[PDB]
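Asks: Dropping the structure in here first, questions after.
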Amino acid sequence: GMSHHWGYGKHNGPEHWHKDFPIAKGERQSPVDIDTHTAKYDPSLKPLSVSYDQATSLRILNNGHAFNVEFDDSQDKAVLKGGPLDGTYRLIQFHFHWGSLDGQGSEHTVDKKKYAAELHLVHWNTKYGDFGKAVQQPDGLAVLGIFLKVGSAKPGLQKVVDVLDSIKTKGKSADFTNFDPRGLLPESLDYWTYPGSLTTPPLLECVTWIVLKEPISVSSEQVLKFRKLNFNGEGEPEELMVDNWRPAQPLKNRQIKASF
Ligand SMILES: NS(=O)(=O)c1ccc(NC(=O)CN2CCN(C(c3ccccc3)c3ccccc3)CC2)cc1
Ligand SMILES: [Zn+2]
């Protein structure tokens, strides 16, 4: 926490993380490259169930590595279930990873293809009581990943783009209520799924990854605003918050299953 020094620079980036977080070379690390020809269709997978109609956002925060739109998860609202999941998972926050250029930015790749960005909607398994206890369990979290490509703008993302001006640097936060995450979902819920981990330190292996096949389109201007954010705090040398993505990690002993 208070003494972490990892980041995405040349001296503290992904290839350095293993020194302070040995699990970086673990057996179920994320992200991974999704080889579409080797992912096997699994007819037993159930349709994914995303129920965000009662989601209630609270705030948006620049934490030095990305910006998180946080939700009030004190009640049974905004749940992800079905798909490969057993039980119900509650939405706590979402954030993105993006590049310095449209040609890169996503964490997961598809047949080695890198998207301009990737949205992560983070949920914790309610059987563990809260997020803190859930991250210590192999099936503690379910993260819904959605790729972003540059093209037509995503109307639903604009409130996010506009508030970024108020949280330019590390540690800044701004009230951000009534933001509807359903505005960030593609039409189809077809997905790939596999067991993995948090993609940033502590890199805990507590995530069931659900990655949607259909990317959403955002405009060049929308992602350009993401790139104006800073990794640094106010009054420190300006380092643009870009390329805050971890590269694909060894699949090792895992199978990626397709819902289609
Ligand atoms: N991109 S991703 O894979 O979608 C991703 C999503 C959420 C996260 N969230 C976190 O990393 C939040 N931290 C909060 C602090 N946690 C610590 C901790 C908790 C309480 C007090 C002090 C530290 C933690 C470390 C080790 C075990 C359990 C908790 C680790 C998880 C990271 C990556
Ligand atoms: Zn993430």
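Cβ: placed from backbone, ideal geometry, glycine included. Neighbour counts: every protein chain shown. The numbers here are math on the coordinates, done by the rules we state, and not lab data.
Asks: Normalised by the number of residues in the chain, what is the relative contact order in percent for Cα pairs under 8 Å and 6+ residues apart?
Replies: Here the relative contact order equals 26 percent.
Asks: Let me ask you something else. Report, largest value first, the span of the C-alpha coordinates of the range 117-246 along each principal axis, in whole Å.
Replies: 39, 36, 29
Asks: Now for a different question. To make sure I understand, if each residue's beta carbon is the centre and we count other beta carbons within 10 Å, what order do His5, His95 fall in, fewest to most?
Replies: Taking fewest neighbouring Cβ atoms as first place, the list is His5, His95.
Asks: Right, another one. Given the options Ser106, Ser49, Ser188, which has the most mean-square fluctuation in a GNM of the chain, springs set between C-alpha atoms less than 10 angstrom apart?
Replies: Of the options given, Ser188 has the highest mean-square fluctuation.
Asks: While we're here: In µm²/s, what is D for the chain at 37 °C and 0.692 mPa s, where D = kT/(6 pi eta Rh) by Stokes-Einstein and Rh is the Kirkwood radius from Cα pairs?
Replies: 178 µm²/s
Asks: Suppose we keep just the alpha-carbon trace of the range 211-260; what are its Rg and Dmax in angstrom?
Replies: Every Cα atom of the range 211-260 included, Rg and Dmax give 16.9, 50 Å.
Asks: Could you give each residue of the range 11-24 its phi-based ³J(HN,Hα) in whole Hz, using Karplus coefficients 6.51, -1.76, 1.60 with θ = phi - 60°, and x for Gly or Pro?
Replies: The phi angles translate into 9, 9, x, x, 6, 9, 3, 4, 4, 8, 9, x, 5, 4 Hz.
Asks: For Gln255 and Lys77, FRET efficiency with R0 = 41 Å and r from the beta-carbon atoms, rounded to 0.05?
Replies: Values: r = 33 Å, r/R0 = 0.80.
Once the sixth-power term is evaluated, E becomes 0.80.
Asks: Pop out the ³J(HN,Hα) list for the range 136-146 in order, Karplus 6.51 cos²θ - 1.76 cosθ + 1.60 with θ = phi - 60°, rounded to Hz; leave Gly and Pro as x.
Replies: Each residue of the range 136-146 in turn: 8, 10, x, 10, x, 10, 10, 10, 9, x, 9 Hz.
Asks: Here's a follow-up. Taking θ as phi - 60°, what are the ³J(HN,Hα) couplings along the range 62-68 by the Karplus curve (6.51, -1.76, 1.60), each to the nearest whole Hz, with x for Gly and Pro?
Replies: Residue by residue, the range 62-68 yields 9, 9, x, 10, 6, 10, 10 Hz.
Asks: Give a quick list of GluC sites (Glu not before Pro) in the range 1-104 that DSSP marks as loop, anything other than H, G, I, E or B, with at most 12 other Cβ atoms within 10 Å.
Replies: Answer by residue number: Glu15, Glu27.
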